[PDB]
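# Survey of secondary and tertiary structure
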Amino acid sequence: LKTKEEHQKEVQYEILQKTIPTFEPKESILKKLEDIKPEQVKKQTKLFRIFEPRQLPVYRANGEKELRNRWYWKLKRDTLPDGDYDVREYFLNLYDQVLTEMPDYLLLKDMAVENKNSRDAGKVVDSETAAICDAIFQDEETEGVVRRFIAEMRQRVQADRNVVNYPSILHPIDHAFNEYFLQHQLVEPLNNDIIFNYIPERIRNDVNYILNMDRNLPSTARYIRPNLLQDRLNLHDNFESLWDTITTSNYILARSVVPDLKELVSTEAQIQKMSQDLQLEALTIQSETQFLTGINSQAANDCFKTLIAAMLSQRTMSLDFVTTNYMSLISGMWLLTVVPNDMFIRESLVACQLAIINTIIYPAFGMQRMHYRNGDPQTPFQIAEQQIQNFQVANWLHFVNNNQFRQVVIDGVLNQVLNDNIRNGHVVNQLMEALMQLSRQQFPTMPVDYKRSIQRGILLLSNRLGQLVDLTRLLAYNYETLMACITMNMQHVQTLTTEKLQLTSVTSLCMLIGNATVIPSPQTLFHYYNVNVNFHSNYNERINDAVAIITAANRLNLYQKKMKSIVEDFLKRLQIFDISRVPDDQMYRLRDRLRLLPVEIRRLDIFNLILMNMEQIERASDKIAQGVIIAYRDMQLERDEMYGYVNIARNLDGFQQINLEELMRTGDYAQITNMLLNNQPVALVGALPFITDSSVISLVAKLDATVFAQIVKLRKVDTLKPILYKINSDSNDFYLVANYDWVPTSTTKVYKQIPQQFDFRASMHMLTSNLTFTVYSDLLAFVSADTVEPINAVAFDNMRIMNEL
Amino acid sequence: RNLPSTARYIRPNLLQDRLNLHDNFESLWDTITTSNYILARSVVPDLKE
């Protein structure tokens, strides 16, 4: 009967557990939270370039090779795919590269080489810029001014004003990419008071922790502000299972920084006194050796670490007890009056408060038992606060009904604070006024051996007033000072899975506390604050990095792109969740909330820098013709300076345009075959890889028109290679153009834009930046903190905590 | 534990016996109530003390 039902639980608890993303070892979450870095301070050592000036041969009309050669602006690493859709998903991968290769601070002194052909000692900005200015100097074709000017391009160092500017040679696309990296830094100046303003306000205005700043920081020191703002994804309301990890992780992180107790009562002396007063051998009770199972000096530390960390992370807390063992239930009166009663999951809060009333409080005053239906908006203390007639007890039941977390907002965060009657411990003086008169009013039908075994069990806690008022001064001071090191909001919703607290472990805390006061030492109070900013700065640097891909996929009109892969990338970088157990419901709100957010300011202007230059990168490439124009008549080849004789079109004017990437997705080839079997002029825009024939005997034979007929045989449009005629002197058979009296005619030309020439005056521009920095990533390493002696430690009131000695 | 808004359960159809097996079925009602007598015998708790 036992192993059937202890296994029937672990099936139903495992269909629930396979929708929570918590890791299967519970304490393994703590290793993943310390292990995140602040960020990576990226500094580029080469100026960002996508264009390079290349040498190209130049033809005249009646095309021969001119002896002059002219520069052009052909781009390098042109890995541009074919098709109008794969040319757009290339620019998303370009945009993903530049967000990763984005320098946070640009120092410009280390990227500077000597101008080897200057008269004065002048510098430039790159090893590639000096290669260009070496090449414009030696060229015979260049103007006499540019041979004179690039000898006199002097840089201006100004060490006293900390500014420096160097000459440069950049493309106009490359210049806007390299003024945005250089004007919009992420470093901000750092003074000696912005370290003092970093520390939380409750700690530097506390008199225990003595914070003193020792190291001297110069004027040239900068730092990186953590992107530190509250969760613009409301992860608390609609996410039932994604929130149950972000309070599980903040629980085990806050479980390691709440300190452990020292100098307790000896557990062999307190048990022998407690076993004398209960008089357990004389009773006829089914639980004799089971009252005192959970009293140790280890369960006292386990109850202290739980009750603070389940309070700092707003994690619910189911109770576990046994209603026979009233000594785990009298001590449960202290738990409800100190821990705010909205913390517990409600059906156990009721089942602990009904079990106190129905066995201890209502048999005391002799009134009838408590028939309680569960679907009732009144808690069982809220019913007996109006029906009980004693005033010392009813004025205690007015406090357990009304201790909840009163939400206050300070220093930009929302933290759930306690009330000032419980934070100085005066509430326990009201409970012992209720617990004294509950140990005097005789239990009018209880057996006499069971009446004194439960009145002396009360006086094991009623007589322990001074050790227990001094406990809640400590339990609400460790919670009060650890809450200064909280950066995220403290939102209180009912979590799915509850961290079980045993009431046999609360009764090992109330009567095994000693008057040695613990306090979070400032080495583990700056560690809990640096591990809670670095998680909150990482959580914001991913919801800004995911939105700049969710939006940039939609501005680029990339269909065939699954946003579930980006949100699985987003929940994987955040080191708590795992992408398996999270349900498919709560990942379709997560891809829906992320579409509505605004993109971050420094990721938007560099995407608008690509979107307005999305054409001019893919236009000036080789290996891509961006449309073919078929006319089915004899029109001449337009003579060109760069290609010689060429069939090229400058604009699709007066022709019906068939969008080829639309023609690929739909498969609706009813028009294009009806435009080819009949001889009608069609233009086919897209992104078509051309081939380049040089012979003129391939032009008279007219192999330019024999390529478009493959669409009707096999319906795919990928294998389209419109040819591009290049009739030059260096091509073969060029006697057939020069000697004979004919004009070269091509039926179908192709659409292509020629690359722009190298103009020095529109390519030289100074780059003005700073000279030296010293980026400090750590900021609590400048304060030198030493705590006060622990025995002189004070609460919010300037009287000391643990005032029993 | 409290359960989310996306949990479900299959409700069993618990409606009283539409055959009236206690009526005129004097052989089938005997072994349908020995089945219920032996089950209730191994449930009712034994005395102590």
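Parameters and conventions
- Residues numbered from 1 in each chain as written, not as in the entry; some residues may be left out.
- Chains lettered and ligands numbered in written order.
- Part of a larger assembly, values for the part shown.
- Heavy atoms only, no water.
- UniProt positions renumbered as here; feature names shortened; annotations may be inferred.
- 1 Å grid on protein atoms, 1.4 Å probe; cavity = no way out; pocket = protein on both sides within 12 Å on 5 of 7 lines; lining within 4 Å.
- Points joined across faces, edges and corners; volume = space filled by probe spheres on them.
- Helix = DSSP H or I, 4+ residues; strand = E, 2+ residues; numbered from the N terminus.
- Nonpolar A, V, L, I, M, F, W, Y, C, P; charged D, E, K, R; others polar.
- Contact = heavy atoms within 4.5 Å.
- Buried area = accessible area lost by both parts, 1.4 Å probe.
- Salt bridge = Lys/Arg side-chain N within 4 Å of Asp/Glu carboxyl O.
- Polar contact = N/O pair within 3.5 Å; in protein donor to acceptor, adjacent residues only side chain to side chain.
- Pairing = 2+ DSSP bridges.
- Axes fitted to C-alpha atoms, helices over the stretch in contact; angles between N-to-C directions.
- Parallel < 35°, antiparallel > 145°, perpendicular 65-115°, else oblique.
- Left-handed = near helix turned anticlockwise from the far one by under 90°.
- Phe/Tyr/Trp six-rings, centres within 6.5 Å; stacked < 30°, edge-to-face > 60°.
- Buried < 20%, exposed > 50% of the residue type's maximum accessible area, 1.4 Å probe, protein only.
- Core = buried A, V, L, I, M, F, W, Y, C linked by side-chain atoms within 4.5 Å.
- Arc of directions from axis to C-beta.

Method information in the entry identifies cryo-EM as the source of the structure, with 3.6 Å recorded as the resolution.

You'll find chain B entered in the PDB entry as Inner capsid protein VP2, with Rotavirus A given as the organism.

The name given to chain A in the PDB entry is Inner capsid protein VP2, with the source organism recorded as Rotavirus A. One UniProt comment on chain A, placed under Sequence similarities (unreviewed entry), says "Belongs to the rotavirus VP2 family."

Attention now moves to empty space enclosed by the protein. Where empty space is left becomes clear once a probe the size of a water molecule has been rolled over the atoms. All names here are of chain A. Evaluated as defined, the whole model comprises four cavities of 30 Å³ or more. Looking at the lining of the largest cavity, the elements with two or more residues in it are α9 (243-246) and α22 (527-555). Within the lining of the largest cavity, the residues separate by chemical class into eight nonpolar, seven polar and one charged. Within this model, the second largest cavity holds a volume of roughly 50 Å³. Residue lining of the second largest cavity: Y95, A548, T551, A552, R555, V599, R603, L604 and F607, and that is the complete set. Ranked by residue count, the leading element in the lining of the second largest cavity is α22, at four residues. Class assignment for the residues of the lining of the second largest cavity results in six nonpolar, one polar and two charged.

Across the boundary between the two partners, chain B contributes six residues, which contact 11 residues of chain A. Here chain B meets chain A over a buried area of about 830 Å², counting both sides, of which 55% is carbon and sulfur. It is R1, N2 and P4 of chain B in chain B that bury the most area against chain A; as a group they hold 74% of the surface buried on that side. Linking chain B with chain A are zero salt bridges. Inspection of the chain B/chain A interface yields two residue pairs in polar contact. Its residues placed into classes, the side of chain B that touches chain A shows two nonpolar, two polar and two charged.

This next bit is on the sheet that holds strand β6 (residues 163-166) of chain A. Residues and elements named next belong to chain A. Across the sheet, which stays open at both edges, the three strands sit in the order β5-β6-β23 with antiparallel pairing between neighbours. At either margin of the open sheet sits one strand with a lone partner, and together these are β5 (156-158) and β23 (767-770). Ignoring strand direction, the axes of neighbouring strands in this sheet form an average angle of 20 degrees. Bridge count for β6 against β23 is four bridges, and the pairing is antiparallel. Following the sheet pairing, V164 is matched in β23 by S769.

All names here are of chain A. One can describe the packing of helix α12 (residues 299-312) onto helix α20 (residues 466-482) by two numbers: an axis separation of 10 Å at closest approach and a directional angle of 40 degrees. With respect to α20, the axis of α12 lies oblique. When you trace α12 past α20, the crossing you get is right-handed. Residues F304, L307, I308, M311 and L312 of α12 touch α20, and the partners they reach there are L474, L475, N478, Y479 and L482. For the contact of α12 with α20, a count of residues per class yields nine nonpolar, one polar and no charged.

This part is about the packing of aromatic side chains. Residues and elements named next belong to chain A. For the coordinates displayed, the defined rule picks out 16 aromatic pairs over all chains. Where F48 meets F177, the ring centres are 5.0 Å apart and the plane angle is 55 degrees; that geometry is what we call tilted. Here the residue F48 occupies a position in the loop between α2 (29-34) and β1 (54-59), and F177 occupies one in helix α6 (residues 172-183), the gap between them amounting to 129 residues. Each member of the pair, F48 as well as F177, carries the same accessibility label: buried.

Attention now goes to the nonpolar core. Residues and elements named next belong to chain A. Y95, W334 and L335 are the most contacted members of the largest nonpolar core, which has 211 residues in total. The element best represented in this core is α22, accounting for 14 residues. For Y95, the residues in contact, after removing those within four places along its chain, are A548, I549, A552, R603, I606, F607 and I610. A625, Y643, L660 and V707 belong to the second largest nonpolar core, which has 28 residues in total.

Residue and element names in this part refer to chain A. One pass over the structure, following the stated rule, counts 30 salt bridges over all chains. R761 serves as the salt-bridge partner of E143, at 3.3 Å between the closest nitrogen and oxygen. With a gap of 618 residues between them, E143 in the loop between α4 (129-138) and α5 (144-149) and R761 in the loop between β22 (745-751) and β23 connect regions that are remote in the sequence. Overall, the relative accessible area of 57% leaves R761 in the exposed class. Between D569 and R573 there is a salt bridge, and its shortest N-O distance comes to 3.8 Å. A residue pair is termed a helical-turn pair when its members lie 3 or 4 positions apart in one helix, as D569 and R573 do in helix α23 (residues 564-573) at four residues.

Here the focus is unusual backbone geometry. Residues and elements named next belong to chain A. One non-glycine residue, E263, adopts positive backbone phi at about 60 degrees. Mapped onto the elements, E263 comes out in the loop between α10 (249-255) and α11 (267-278). The class of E263 is exposed, set by a relative accessible area of 59%. Residues other than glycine seldom take positive phi values, yet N557 does so here, at roughly 55 degrees. If you trace the backbone, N557 turns up in the loop between α22 and α23.

Residue and element names in this part refer to chain A. Reading across from one edge, β17-β22-β14-β19-β18 is the order of the five strands in this open sheet, with mixed pairing throughout. Since the sheet does not close on itself, it has two edges, and those belong to β17 (648-649) and β18 (656-657), each with one partner. Two elements, β17 and β22, share two bridges in a ladder whose sense is parallel. Bridge pairing in β22 places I648 opposite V750.

Another point: the layout of surface pockets. Its volume calculated, the second largest pocket comes out at about 1,200 Å³. What lines the second largest pocket is a set of 44 residues, and nearest its centre among them are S318, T498, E499 and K500 of chain A together with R1 of chain B. Counting only elements with at least two residues in the lining of the second largest pocket, the list comes to α1 (2-17), α10, α12, β10 (319-320), α14 (346-361), β13 (501-502) and α21 (503-510) of chain A. For the lining of the second largest pocket, the leading source of residues is α1 of chain A, giving six residues. Classifying every residue of the lining of the second largest pocket gives 12 nonpolar, 18 polar and 14 charged.

Another point: α21 of chain A. Of all eight residues in α21 of chain A, eight are buried; the element is thus mostly enclosed. Three or more residues of α21 of chain A are buried, namely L503, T504, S505, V506, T507, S508, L509 and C510 of chain A.

Another aspect to go through is the environment of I624 of chain A. The topology assignment puts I624 of chain A in the loop between α27 (614-619) and β14 (628-636). Non-local contacts of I624 of chain A, meaning those with residues more than four positions away in its chain, are made with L80, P81, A687, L688, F690 and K752 of chain A.

Looking at the secondary structure, you find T497 of chain A in the loop between α20 and β13. Relative accessible area serves as the criterion here: at 6%, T497 of chain A is assigned to the buried category. Discounting residues that sit within four places of it in the chain, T497 of chain A has contacts with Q17, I20, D244, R315 and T316 of chain A together with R1 of chain B.

Attention now moves to α4 of chain A. All names here are of chain A. Restricting attention to buried positions, one finds in α4 the residues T129, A130, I132, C133 and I136. Seen along its axis, α4 keeps its buried residues to an arc of 155 degrees; they face one direction. The inward-facing, buried residues of α4 contact β3 (113-114), β4 (123-124) and α5.

Moving on to the pairing of β1 of chain A. Residue and element names in this part refer to chain A. Relative to strand β2 (residues 65-72), β1 is paired through five bridges, and the arrangement is antiparallel. Note on β2: the bridge partner recorded for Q55 is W71. Remark: five residues form the turn of the hairpin made by β1 and β2, two consecutive strands paired antiparallel; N62 in that turn has positive phi of roughly 55 degrees.

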